[PDB]
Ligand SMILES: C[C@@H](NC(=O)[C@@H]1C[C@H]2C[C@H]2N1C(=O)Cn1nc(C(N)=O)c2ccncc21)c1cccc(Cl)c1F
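Presented as structure tokens, the chain that follows is alone, the form solved without this ligand.
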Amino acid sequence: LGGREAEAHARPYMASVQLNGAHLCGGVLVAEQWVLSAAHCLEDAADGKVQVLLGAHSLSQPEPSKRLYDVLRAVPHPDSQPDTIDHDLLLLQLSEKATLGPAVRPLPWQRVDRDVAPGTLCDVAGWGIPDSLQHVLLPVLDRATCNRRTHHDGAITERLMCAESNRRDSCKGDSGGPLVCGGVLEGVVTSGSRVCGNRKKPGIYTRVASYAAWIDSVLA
């Protein structure tokens, strides 16, 4: 473990989904040629060019591991739609297998369909408003509380999970950012609301383990 040039990055699985050269959404490298993000990211596809940037820590600094990849195909869950929070997953296939290294490496995702224990501190990372990749450990909430914190609209299914969150988070945070617990991908954020108000809201993430068969079916 020594390459005088290429530097190691703490979160080598983070991918930046870009549109016309600017950060659109965070994503996670889950296989050499696949990046998982949220379907709502490709919402207002300005019809521009969409690419995936890997090996980046900071989007405003030169780094030897940064590499741009084009997208061969974008596969949103078949049941996702703009007016629902459900099945908000999106798999992007890169133009070619990503060259892996100290700054580029796939992250294992949870295939065992069981809830993350409430209270567990999970790593949420992404590029907010962007510069250096931002990350915070947020505690997972029990579904009961989350349901009541969402004003009880039964919006939280067993295919979704919740984490604590502050205001900036719910308005200035990465719109496709993963939720990683114990080094395993567990969730993908469902929010993208850019309107910053005083309305505090918990963080809602799509549980990847809940869509294991689908992810498997797509990557096969």
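The term rigid core refers to the maximal set of C-alpha atoms that superpose within 1.5 Å between the two forms. We number the residues from 1 along the sequence you see.
Below, we refer to the form solved in complex with this ligand, which is not included among the displayed structures.
The pocket of the unliganded chain is judged blocked, since this ligand, transferred from its pose in the deposited complex by superposition of the C-alphas around the site, places three or more atoms within 2.4 angstroms of backbone or C-beta atoms. None of 48-56, 61-69, 179-187, 34-42 except one has non-hydrogen atoms within 4.5 angstroms of this ligand in the deposited complex; the exception is 34-42. Annotation: in the deposited complex, residues 12, 27 and 30 none come within 4.5 Å of this ligand through any heavy atom. In the deposited complex, none of the heavy atoms of residue 166 sits within 4.5 Å of a heavy atom of this ligand. Using a 4.5 angstroms limit between non-hydrogen atoms, residue 128 touches this ligand in the deposited complex. In the deposited complex, this ligand stays beyond 4.5 Å of every heavy atom belonging to residue 151. In the deposited complex, this ligand sits within 4.5 Å of a heavy atom belonging to residue 23. Using a 4.5 Å cut-off on any heavy atom, none of the residues of 96-111 reaches this ligand in the deposited complex. Superposition of the core reveals a Cα shift of 2 Å or more for residue 196 between this form and the one not shown. Once the rigid core is used as the reference frame, the Cα position of residue 169 differs between this form and the one not shown by 2 Å or more. Superposed on the core, the two forms barely differ at residue 120: its CA moves less than 2 Å between this form and the one not shown.
Between residue 163 and residue 195, the C-alpha separation shrinks by 3 Å or more in the deposited complex, relative to the conformation displayed.
Look at residue 198 and residue 188: in the deposited complex their Cα atoms come 3 Å or more closer than in this form.
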